[PDB]
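J.: Got a structure for you, written out below as structure tokens; questions coming shortly.
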Amino acid sequence: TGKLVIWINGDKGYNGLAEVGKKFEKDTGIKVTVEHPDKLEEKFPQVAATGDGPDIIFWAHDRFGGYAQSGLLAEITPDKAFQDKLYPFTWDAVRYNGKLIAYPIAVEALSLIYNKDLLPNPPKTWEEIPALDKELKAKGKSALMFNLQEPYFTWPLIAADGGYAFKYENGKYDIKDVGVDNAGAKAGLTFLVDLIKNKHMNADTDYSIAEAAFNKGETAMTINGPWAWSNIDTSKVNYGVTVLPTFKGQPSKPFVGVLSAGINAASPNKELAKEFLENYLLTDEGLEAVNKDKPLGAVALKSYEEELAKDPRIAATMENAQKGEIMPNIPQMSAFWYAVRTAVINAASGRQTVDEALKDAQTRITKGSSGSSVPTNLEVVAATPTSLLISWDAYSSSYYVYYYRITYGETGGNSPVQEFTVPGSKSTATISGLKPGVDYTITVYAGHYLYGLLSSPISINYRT
Ligand SMILES: [Mn+2]
Ligand SMILES: [Mn+2]
Ligand SMILES: [Mn+2]
Ligand SMILES: [Mn+2]
């Protein structure tokens, strides 16, 4: 409680961040320790409460969803004046169930990268690309090569004309609303597949081949993110970075990643963590200190971004991000990647129509129950030596839940798990006939009147 421990990845400007921490110590006498363990994103949930977990954790926003579901992150409380300092869209990356759970720091998205010596005026639309490729092939070059294997790289086009992963509305994901097979995703993927069948691109092109071709001066354009610029710099190609082309007049929709800073829910230093983040780090001066150490790319703080965007590669990054799709931070996004990978390979190879390929992907992604269930926090409400009463937020369940299955057994010790059921009108259960002295793992499942037992139970450890 005398201090602030910060975790940040070892490839980030943690020495710049330590300088900000030293200025904070100079103004407050609070010592700020910046650590950069490997695998920090796996370690955090294991050490958070309490021992030596950090007060503040910096990571891509997409992991913070899982942390928040687990109750590991404090709800943050920036005032209106602070909220206005960051681009509004970046705040949508750090909500979980409508509550703010982190501060946006930096923003990444794919851009169009072009060889100025081959193409001083890069295309404004995807539609111009076939004609440009024809004119370049007659000169032994291609217009465009980019990684086609990963949906992260093909999504910007697929989704441009109205596709989306999960609908985001009223500050939350509507997980039942997926936009993988709508008419927009179909137009996008049809255009992509047509480029490939017409030999404007090769269906086998992957990250390495695209990067090699561009850096060797063989292709006029590629699609890649800020992490690739220093590699291009070693090639001496005269390159530019610009807004992705439009499709059907609509912007490409790259996924947006936001490096974010979360405050540990178990931290006794939450107000100091807040002061540090809002009043020291998230200033022109604080972000510059980090950036000087290792560049952040585009940043969420408007004043400092205005300075950084004098580098048009950063201005392009931010513009592609403002037009893009925030990467969903919900667990159901896990199914997206392999589903869309399959769709794209099958459509591109001509194994399936675009329509059937995306319909199969949409099916595989929506695979998951209609309704909400229990997330719970602090379950055990009463105890005797041999008996305990548990409690869960049954009110969180949809009306489809008609029962709860309670399981309890020996913690660690691989023993017979006991189980019983209660009606869905019930929000508590007494467990009894237990040994006064051992660790128990109590777990509760929701039962749906159609699907039966649902997959995301609530589980706690207790001791009598
Ligand atoms: Mn470093
Ligand atoms: Mn045609
Ligand atoms: Mn160079
Ligand atoms: Mn400034």
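Don't worry about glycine lacking a Cβ; one is built from the backbone with ideal geometry, like all the others, and counts go over all protein chains shown. The values are calculated or read from the model by the stated rules, or taken from the named source; none is laboratory data.
J.: Please tell me if residue 307 is away from ligand 3 (no atom under 16 Å from the Cβ), farther than 30 Å from residue 172 by Cβ and acidic (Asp, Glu). It would help to see each step written out before you state the result.
T.: Values: away from ligand 3 (no atom under 16 Å from the Cβ): yes; farther than 30 Å from residue 172 by Cβ: yes; acidic (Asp, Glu): yes.
Taking the combined requirement at face value, the residue satisfies it.
J.: Here is a list: 3, 85. Which entry is surrounded by fewer than 20 Cβ atoms within 10 Å (Cβ to Cβ), closer than 15 Å to residue 282 by Cβ, charged (D, E, K, R) and touching a residue at least 24 places away in the same chain (Cβ under 8 Å)? If you could, list the steps in order and put the result at the bottom.
T.: Working: 3 fails: closer than 15 Å to residue 282 by Cβ.
Checking each option against the conditions leaves just 85.
J.: Separate question: Checking residue 273 against (1) out of contact with any helix residue (DSSP H, G or I) (no Cβ under 9 Å at 6 or more places or on another chain); (2) over 30 Å from residue 52 (Cα atoms); (3) among the small types (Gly, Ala, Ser), which test does it fail?
T.: Condition (2) is where residue 273 drops out.
J.: Among the residues of the range 154-171, how many are assigned to a strand (DSSP E or B) and either of a type in the set (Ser, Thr, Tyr) or touching a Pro at 6+ places or on another chain (Cβ under 6 Å) (or both)?
T.: Residues that pass the stated criteria total 4.
J.: Taking the conditions exactly as written (more than 16 Å from ligand 3 (Cβ to nearest atom), outside the structural domain of residue 156 (by CATH), under 30 Å from residue 331 (Cα atoms) and in a loop (DSSP other than H, G, I, E, B)), does residue 11 satisfy them or not?
T.: yes
J.: So, one more: Specify which of the listed residues (65, 21) is closer than 18 Å to residue 285 by Cα, touching a residue at least 60 places away in the same chain (Cβ under 8 Å), crowded, with 20+ Cβ neighbours inside 10 Å and not hydrophobic (A, V, I, L, M, F, W, C).
T.: 21
J.: Go through the residues of the range 34-46 one by one and say whether even a single one is over 16 Å from residue 283 (Cβ atoms), of a type in the set (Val, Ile, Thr) and assigned by CATH to the domain that holds residue 277.
T.: yes
J.: Another question about this same structure. Only one of (1) more than 16 Å from ligand 1 (Cβ to nearest atom); (2) assigned to a helix (DSSP H, G or I) is not met by residue 368, so which one is it?
T.: (2)
J.: Please determine whether any residue of the range 296-313 is in contact (Cβ under 8 Å) with a residue 40 or more places away in the chain, under 22 Å from the mean Cα position of the chain (by Cα), within 16 Å of ligand 1 (Cβ to nearest atom) and surrounded by 15 or more Cβ atoms within 10 Å (Cβ to Cβ).
T.: yes
J.: In the range 137-170, how many residues are free of Cβ contacts under 8 Å to residues at least 24 places away in the same chain and either within 23 Å of residue 211 (Cβ to Cβ) or under 22 Å from the mean Cα position of the chain (by Cα) (or both)?
T.: 5
J.: Return yes or no: is residue 180 surrounded by 22 or more Cβ atoms within 10 Å (Cβ to Cβ), of a type outside the set (S, T, N, Q) and at negative phi?
T.: yes
J.: Which of the residues spanning the range 372-397 are surrounded by 13 or more Cβ atoms within 10 Å (Cβ to Cβ) and either of a type outside the set (A, V, I, L, M) or over 28 Å from residue 49 (Cβ atoms) (or both)?
T.: Those that are surrounded by 13 or more Cβ atoms within 10 Å (Cβ to Cβ) and either of a type outside the set (A, V, I, L, M) or over 28 Å from residue 49 (Cβ atoms) (or both): 372, 373, 375, 376, 379, 387, 391, 392, 393, 396, 397.
J.: What about residue 343, is it of a type outside the set (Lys, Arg), within 30 Å of residue 196 (Cβ to Cβ) and either surrounded by fewer than 16 Cβ atoms within 10 Å (Cβ to Cβ) or assigned by CATH to the domain that holds residue 158 (or both)?
T.: yes
J.: Go over the candidates 441, 430, 421 one by one and state the one that is assigned by CATH to the domain that holds residue 391, touching a residue at least 40 places away in the same chain (Cβ under 8 Å) and either under 30 Å from residue 371 (Cα atoms) or surrounded by 15 or more Cβ atoms within 10 Å (Cβ to Cβ) (or both).
T.: Answer to the selection: 430.
J.: A further question on this structure: Does residue 37 count as buried (at least 16 other Cβ atoms within 10 Å of the Cβ) and part of a loop (DSSP other than H, G, I, E, B)?
T.: No.
J.: Among the residues of the range 198-245, which ones are more than 16 Å from ligand 3 (Cβ to nearest atom), part of a loop (DSSP other than H, G, I, E, B) and out of contact with any strand residue (DSSP E or B) (no Cβ under 8 Å at 6 or more places or on another chain)?
T.: Result: 198, 199, 202, 203, 204, 205, 206.
J.: Which residues, counting only those in the range 65-100, are among the aromatic types (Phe, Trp, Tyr) and farther than 14 Å from residue 301 by Cα?
T.: Those that are among the aromatic types (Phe, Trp, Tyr) and farther than 14 Å from residue 301 by Cα: 67, 96.
J.: On to the next question. Evaluate the range 223-245: report whether one residue or more is within 16 Å of ligand 1 (Cβ to nearest atom) and more than 18 Å from the chain's Cα centre (by Cα).
T.: Yes - at least one qualifying residue is present in the range 223-245.
J.: Tell me, please, whether a residue that is in the same structural domain as residue 154 (by CATH), out of contact with any strand residue (DSSP E or B) (no Cβ under 8 Å at 6 or more places or on another chain), closer than 24 Å to residue 250 by Cβ and in contact (Cβ under 8 Å) with a residue 24 or more places away in the chain can be found in the range 325-338.
T.: Yes, the range 325-338 contains at least one residue that is in the same structural domain as residue 154 (by CATH), out of contact with any strand residue (DSSP E or B) (no Cβ under 8 Å at 6 or more places or on another chain), closer than 24 Å to residue 250 by Cβ and in contact (Cβ under 8 Å) with a residue 24 or more places away in the chain.
J.: With (1) within 22 Å of residue 254 (Cα to Cα); (2) touching a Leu at 6+ places or on another chain (Cβ under 8 Å) as the list, and residue 369 as the residue in question, which single condition is left unmet?
T.: (1)
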